[PDB]
Structures are given as structure tokens and as C-alpha cells.
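Undergrad: This one's experimental. Sequence and coordinates below.
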Amino acid sequence: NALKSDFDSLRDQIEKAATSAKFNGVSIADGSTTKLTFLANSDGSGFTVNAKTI
Amino acid sequence: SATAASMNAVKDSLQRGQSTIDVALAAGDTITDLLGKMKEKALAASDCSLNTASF
């Protein structure tokens, strides 16, 4: 039971840590979106960063 | 000499044309500056990672 409680505590810690990794309301670690594209060129071309849900 | 007096009349029309085109050129310079700024704003707004508040 003690080991089970330790496991549960660590899992809840993981969830808390993962859900709070937001900057400006968007994140690449929660799984809310599939990718984020930033500006890469003066003509509108994009730099794509795929989302890595952790 | 009548023709020389007529040329004296022509010079005024040419000067008025100068003034009109100068006004147009000043406005055009301002407009080109504004168009550059508009292009920058439109480029910035095309980013897909922006909030609803920055758009």
C-alpha cells in the first residue's frame, strides 16, 4: 500500500507538471494542438514545429 | 513682339503645373511609407500561433 501511494503521488505530479507548460496560452506538450508554425521568411513562409505530447 | 508676350503668358501655366505635381509627389511619398507599414502588419498577422487578442 505504501508503494502504491508513492506511485499515485508521482503520477499526479507528472500530470501537474505536464499541464502547466504553457507560454502565451499555447503549448507543445499538453496535446491541445497538433503543430505550431512560426514566421520564417518575409514572404509568409513558415517554420513548423510538431507537437510532442508528454 | 506679340509672340514674346504670349510666351510670357505660357510661363504661368507651366509654373502652376509645377506646383500641382509637387503636391502630388508629397502625398505619394507619405502613401508609400504607409504601404510599407501595412505590409509589415499584414505579415505579422499571418502567423498561425497568435492569440485571438493579438490578431
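TA: Looks like it came in fine. Numbering: from 1, shown residues only, chains lettered A, B, ... in the order given.
Undergrad: which residues of chain B fall in helices?
TA: Applying DSSP state H to chain B gives helices spanning B:2-45.
Undergrad: Quick one: name the residues of it near chain A.
TA: B:43-44, B:46-49, B:51 (C-beta under 8 Å from any C-beta of the partner chain). Quick note: C-beta positions are derived from backbone N, CA and C, even for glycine.
Undergrad: are any of these buried, and which?
TA: Buried subset of those (neighbour count, 16 or more other C-beta atoms under 10 Å in any protein chain shown): residue B:49.
Undergrad: Residue numbers of chain A in contact with chain B?
TA: A:24-26, A:36-39, A:42, A:44, A:46.
Undergrad: Of the residues you listed, keep whichever come out buried.
TA: A:36, A:39, A:46.
Undergrad: how about residue B:49, what does it touch?
TA: The contact partners of residue B:49, taken as C-beta atoms under 8 Å, 6 or more residues apart in numbering or on different chains, are A:26, A:36-38.
Undergrad: gap between it and residue B:22?
TA: As judged by C-beta to C-beta, to the nearest Å, residue B:49 and residue B:22 stand 46 Å apart.
Undergrad: Many thanks, I have nothing further to ask.
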